[PDB]
$ cat model-v4.cif   # mmCIF, C-alpha atoms
data_my_file
loop_
_atom_site.group_PDB
_atom_site.id
_atom_site.type_symbol
_atom_site.label_atom_id
_atom_site.label_comp_id
_atom_site.auth_asym_id
_atom_site.auth_seq_id
_atom_site.Cartn_x
_atom_site.Cartn_y
_atom_site.Cartn_z
ATOM 1 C CA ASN A 597 275.340 -20.781 164.134
ATOM 2 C CA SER A 598 271.882 -20.439 162.529
ATOM 3 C CA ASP A 599 269.011 -22.839 161.969
ATOM 4 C CA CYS A 600 268.277 -24.248 158.524
ATOM 5 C CA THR A 601 266.093 -22.023 156.343
ATOM 6 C CA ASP A 602 263.265 -23.187 154.084
ATOM 7 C CA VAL A 603 265.487 -23.436 150.999
ATOM 8 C CA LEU A 604 268.344 -25.011 152.984
ATOM 9 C CA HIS A 605 266.290 -27.432 155.099
ATOM 10 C CA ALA A 606 267.468 -31.031 154.717
ATOM 11 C CA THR A 607 266.704 -34.383 156.324
ATOM 12 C CA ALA A 608 269.141 -37.160 157.208
ATOM 13 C CA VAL A 609 268.578 -40.415 155.311
ATOM 14 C CA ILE A 610 270.510 -43.671 155.673
ATOM 15 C CA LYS A 611 270.740 -45.497 152.337
ATOM 16 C CA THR A 612 271.722 -49.106 151.768
ATOM 17 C CA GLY A 613 275.161 -48.567 150.267
ATOM 18 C CA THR A 614 277.024 -51.865 149.973
ATOM 19 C CA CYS A 615 275.231 -53.687 152.786
ATOM 20 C CA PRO A 616 272.990 -56.710 152.098
ATOM 21 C CA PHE A 617 270.200 -55.118 154.135
ATOM 22 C CA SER A 618 268.578 -51.728 154.595
ATOM 23 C CA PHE A 619 268.835 -49.645 157.750
ATOM 24 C CA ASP A 620 265.054 -49.240 157.923
ATOM 25 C CA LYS A 621 264.640 -53.027 157.604
ATOM 26 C CA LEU A 622 266.751 -53.889 160.663
ATOM 27 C CA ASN A 623 263.624 -53.725 162.857
ATOM 28 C CA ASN A 624 261.946 -56.436 160.745
ATOM 29 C CA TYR A 625 263.044 -59.509 162.741
ATOM 30 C CA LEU A 626 266.543 -59.828 161.300
ATOM 31 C CA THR A 627 268.810 -62.116 163.317
ATOM 32 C CA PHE A 628 272.564 -61.846 163.806
ATOM 33 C CA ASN A 629 275.267 -63.483 165.846
ATOM 34 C CA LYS A 630 277.058 -60.108 165.955
ATOM 35 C CA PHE A 631 275.978 -56.604 164.767
ATOM 36 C CA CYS A 632 278.112 -53.608 165.502
ATOM 37 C CA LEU A 633 278.321 -50.078 164.091
ATOM 38 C CA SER A 634 281.374 -47.872 163.626
ATOM 39 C CA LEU A 635 282.598 -44.607 162.127
ATOM 40 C CA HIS A 636 285.942 -46.177 161.088
ATOM 41 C CA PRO A 637 286.402 -48.348 157.975
ATOM 42 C CA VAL A 638 288.780 -50.979 159.393
ATOM 43 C CA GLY A 639 287.389 -54.510 159.489
ATOM 44 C CA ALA A 640 283.976 -53.499 158.146
ATOM 45 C CA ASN A 641 281.935 -55.994 156.146
ATOM 46 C CA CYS A 642 279.838 -53.278 154.473
ATOM 47 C CA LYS A 643 278.689 -49.697 154.946
ATOM 48 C CA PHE A 644 275.591 -47.521 154.765
ATOM 49 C CA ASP A 645 275.472 -44.088 153.134
ATOM 50 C CA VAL A 646 274.415 -41.034 155.125
ATOM 51 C CA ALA A 647 272.774 -38.444 152.887
ATOM 52 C CA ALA B 648 294.699 -60.457 166.097
ATOM 53 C CA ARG B 649 293.899 -64.043 167.084
ATOM 54 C CA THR B 650 292.793 -64.636 170.670
ATOM 55 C CA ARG B 651 291.582 -67.829 172.343
ATOM 56 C CA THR B 652 288.099 -67.217 170.899
ATOM 57 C CA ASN B 653 288.120 -64.446 168.269
ATOM 58 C CA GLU B 654 289.912 -62.999 165.256
ATOM 59 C CA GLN B 655 289.763 -59.232 164.762
ATOM 60 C CA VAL B 656 291.098 -57.230 161.813
ATOM 61 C CA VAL B 657 293.176 -54.275 163.006
ATOM 62 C CA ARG B 658 295.267 -53.015 160.066
ATOM 63 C CA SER B 659 295.788 -53.296 156.310
ATOM 64 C CA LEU B 660 298.875 -54.260 154.310
ATOM 65 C CA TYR B 661 298.870 -53.171 150.670
ATOM 66 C CA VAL B 662 300.570 -55.036 147.824
ATOM 67 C CA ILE B 663 301.911 -53.818 144.478
ATOM 68 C CA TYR B 664 302.883 -56.656 142.159
ATOM 69 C CA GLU B 665 303.673 -57.349 138.515
ATOM 70 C CA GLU B 666 303.395 -60.871 137.121
ATOM 71 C CA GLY B 667 306.512 -62.489 135.710
ATOM 72 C CA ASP B 668 309.335 -64.826 136.626
ATOM 73 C CA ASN B 669 312.226 -62.622 137.811
ATOM 74 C CA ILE B 670 311.540 -62.906 141.565
ATOM 75 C CA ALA B 671 310.602 -66.193 143.245
ATOM 76 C CA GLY B 672 309.439 -66.810 146.796
ATOM 77 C CA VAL B 673 311.095 -69.817 148.402
ATOM 78 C CA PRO B 674 310.537 -71.806 151.633
ATOM 79 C CA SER B 675 313.944 -70.786 153.037
ATOM 80 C CA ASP B 676 317.596 -70.257 152.137
ATOM 81 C CA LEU B 683 315.709 -75.897 143.288
ATOM 82 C CA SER B 684 316.184 -77.871 140.059
ATOM 83 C CA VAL B 685 315.411 -81.137 141.874
ATOM 84 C CA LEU B 686 313.709 -83.689 139.620
ATOM 85 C CA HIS B 687 312.372 -87.096 140.655
ATOM 86 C CA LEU B 688 311.865 -89.476 137.736
ATOM 87 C CA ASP B 689 309.828 -92.644 137.156
ATOM 88 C CA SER B 690 307.661 -92.149 140.252
ATOM 89 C CA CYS B 691 304.635 -90.146 141.324
ATOM 90 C CA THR B 692 305.617 -86.618 142.325
ATOM 91 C CA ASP B 693 304.119 -83.189 142.933
ATOM 92 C CA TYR B 694 305.790 -80.921 140.402
ATOM 93 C CA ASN B 695 306.181 -77.202 139.740
ATOM 94 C CA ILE B 696 307.837 -76.791 136.324
ATOM 95 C CA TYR B 697 308.166 -73.253 134.915
ATOM 96 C CA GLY B 698 305.024 -72.275 136.800
#
$ encode --input "model-v4.cif" --output "structure tokens"
Amino acid sequence: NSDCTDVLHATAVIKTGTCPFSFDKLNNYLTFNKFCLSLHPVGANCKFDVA
Amino acid sequence: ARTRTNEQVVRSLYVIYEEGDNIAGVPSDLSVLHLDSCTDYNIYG
């Protein structure tokens, strides 16, 4: 119910995990035939880590 | 699931196995040996 204090303030970062590319590098002219994001693990080729 | 154009993974089937020789998978419901000619053989694994 309350906003994050100075000690508790955190930022959301997406780390590479097991994927062969970085999330921040997707906007660097990477080409795919299919790219598609999910919250469920079924059928996934790889995954990022939210921290 | 295989459609006319795509294959999509929907589920997972898990396997627990132990190597050995007690149980054998077979085409349907053995000790047949062809001699003196070229043959594709499976002999004790």
$ interface_residues --input "model-v4.cif" --of "chain B" --to "chain A" --cutoff "10 Å" --atoms "all atoms listed in the file" --output "list in words"
residues 655, 656, 657, 658 and 659 of chain B
$ atom_distance --input "model-v4.cif" --atom1 "CA of residue 674 (chain B)" --atom2 "CA of residue 653 (chain B)"
28.9 Å
$ resolve_selection --input "model-v4.cif" --expression "the PyMOL selection byres ((chain A and resi 615-631) around 9)" --output "list in words"
residues 610, 611, 612, 613, 614, 632, 633, 641, 642, 643 and 644 of chain A
$ atom_distance --input "model-v4.cif" --atom1 "CA of residue 609 (chain A)" --atom2 "CA of residue 645 (chain A)"
8.1 Å
$ axis_aligned_box --input "model-v4.cif" --around "region 651-655 of chain B" --padding-each-side "6 Å" --output "JSON"
{"center_x": 289.8, "center_y": -63.5, "center_z": 168.6, "size_x": 15.5, "size_y": 20.6, "size_z": 19.6}
$ residues_near_point --input "model-v4.cif" --point "(316.7, -79.4, 138.6)" --cutoff "12 Å" --atoms "all atoms listed in the file" --output "PyMOL selection string"
chain B and resi 683-688+694-697
$ write_last_selection --input "model-v4.cif" --atoms "C-alpha atoms" --output "short mmCIF file (atom, residue, chain, number, x, y, z; two decimals), in the coordinates of the input"
data_model
loop_
_atom_site.label_atom_id
_atom_site.label_comp_id
_atom_site.auth_asym_id
_atom_site.auth_seq_id
_atom_site.Cartn_x
_atom_site.Cartn_y
_atom_site.Cartn_z
CA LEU B 683 315.71 -75.90 143.29
CA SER B 684 316.18 -77.87 140.06
CA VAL B 685 315.41 -81.14 141.87
CA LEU B 686 313.71 -83.69 139.62
CA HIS B 687 312.37 -87.10 140.66
CA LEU B 688 311.86 -89.48 137.74
CA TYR B 694 305.79 -80.92 140.40
CA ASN B 695 306.18 -77.20 139.74
CA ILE B 696 307.84 -76.79 136.32
CA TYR B 697 308.17 -73.25 134.92
#
$ atom_distance --input "model-v4.cif" --atom1 "CA of residue 664 (chain B)" --atom2 "CA of residue 637 (chain A)"
24.3 Å
$ build_atoms --input "model-v4.cif" --residues "region 672-692 of chain B" --atoms "N, CA and C atoms" --output "mmCIF file, in the frame of the given file"
data_model
loop_
_atom_site.group_PDB
_atom_site.id
_atom_site.type_symbol
_atom_site.label_atom_id
_atom_site.label_comp_id
_atom_site.auth_asym_id
_atom_site.auth_seq_id
_atom_site.Cartn_x
_atom_site.Cartn_y
_atom_site.Cartn_z
ATOM 1 N N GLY B 672 309.478 -66.522 145.372
ATOM 2 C CA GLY B 672 309.439 -66.810 146.796
ATOM 3 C C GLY B 672 309.805 -68.261 147.053
ATOM 4 N N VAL B 673 310.560 -68.486 148.123
ATOM 5 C CA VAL B 673 311.095 -69.817 148.402
ATOM 6 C C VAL B 673 310.852 -70.167 149.865
ATOM 7 N N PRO B 674 310.781 -71.454 150.222
ATOM 8 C CA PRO B 674 310.537 -71.806 151.633
ATOM 9 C C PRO B 674 311.586 -71.271 152.591
ATOM 10 N N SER B 675 312.852 -71.259 152.191
ATOM 11 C CA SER B 675 313.944 -70.786 153.037
ATOM 12 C C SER B 675 315.195 -70.677 152.174
ATOM 13 N N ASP B 676 316.310 -70.347 152.817
ATOM 14 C CA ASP B 676 317.596 -70.257 152.137
ATOM 15 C C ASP B 676 318.526 -71.380 152.586
ATOM 16 N N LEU B 683 315.156 -76.611 144.430
ATOM 17 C CA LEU B 683 315.709 -75.897 143.288
ATOM 18 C C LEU B 683 316.341 -76.862 142.293
ATOM 19 N N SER B 684 315.708 -76.992 141.126
ATOM 20 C CA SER B 684 316.184 -77.871 140.059
ATOM 21 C C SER B 684 316.369 -79.304 140.557
ATOM 22 N N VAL B 685 315.426 -79.767 141.371
ATOM 23 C CA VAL B 685 315.411 -81.137 141.874
ATOM 24 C C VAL B 685 314.294 -81.877 141.153
ATOM 25 N N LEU B 686 314.648 -82.958 140.460
ATOM 26 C CA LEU B 686 313.709 -83.689 139.620
ATOM 27 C C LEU B 686 313.716 -85.157 140.013
ATOM 28 N N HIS B 687 312.546 -85.681 140.366
ATOM 29 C CA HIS B 687 312.372 -87.096 140.655
ATOM 30 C C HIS B 687 311.698 -87.762 139.464
ATOM 31 N N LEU B 688 312.312 -88.825 138.955
ATOM 32 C CA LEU B 688 311.865 -89.476 137.736
ATOM 33 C C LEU B 688 311.288 -90.853 138.033
ATOM 34 N N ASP B 689 310.380 -91.290 137.159
ATOM 35 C CA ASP B 689 309.828 -92.644 137.156
ATOM 36 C C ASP B 689 309.024 -92.960 138.409
ATOM 37 N N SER B 690 308.502 -91.941 139.085
ATOM 38 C CA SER B 690 307.661 -92.149 140.252
ATOM 39 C C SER B 690 306.707 -90.974 140.381
ATOM 40 N N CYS B 691 305.618 -91.198 141.110
ATOM 41 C CA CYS B 691 304.635 -90.146 141.324
ATOM 42 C C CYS B 691 305.256 -89.013 142.130
ATOM 43 N N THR B 692 305.018 -87.779 141.693
ATOM 44 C CA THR B 692 305.617 -86.618 142.325
ATOM 45 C C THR B 692 304.720 -85.410 142.107
#
